[PDB]
């Protein structure tokens, strides 16, 4: 049975970049609704004895949509933190300069891909099978877990992620996303 993971910080710790009101709806209502819907859709099926990741890799339709959204939002909350943001250091900055030239160029390309992701979706920094990093965008509940790439960083661009704080200005939301990035989480994902 799946439970909503506790949030890694206080609901107002990401302010002013993401308000406490966005967390109360996005985590308290949207992420909770996907957990409840997944639990009710899998009760009594063979999916009930699988890990979340195996459910994402072996389902379709409603089960997939809710299971991938439960995982995608837990990953997303961990990519954000108070007193973080800025430019990365260590193995992460190395790997970013290696695949994208510099941090300024990666930041440009990720922002651009997130702004152009039409409709509801997610834009990801992934490490491919071959070790090079790439920027991938998915639509709706799509996730890199259905491929051989390893997820490193994500930004939710479903309109509920930013409409309370930024209304139609998804560019304003992405500018402020950079002030919250938890580079420690990214570094752990890169080393796995």
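Numbering follows the first chain given and starts at 1.
Per-stretch averaging of Cα B factors for 58-66 and 141-149 places 141-149 on top. The deposited model assigns a higher average Cα B-factor to 108-116 than to the other stretch when 69-77 and 108-116 are compared.
You'll see in the entry that, of 161, 133, 35, 155, the Cα B factor peaks at 133. When the modelled residues of the chain are ordered by their C-alpha B factor, residue 45 lands in the middle third. Residue 85: CA B factor lies in the middle third for its chain, per the PDB record. Placement of the Cα temperature factor of residue 29 within the chain: middle third of the modelled residues, per the deposited record. Per-chain ranking of the deposited C-alpha B factor places residue 51 in the middle third. For residue 128, the recorded CA temperature factor ranks within the highest third of the chain's modelled residues.
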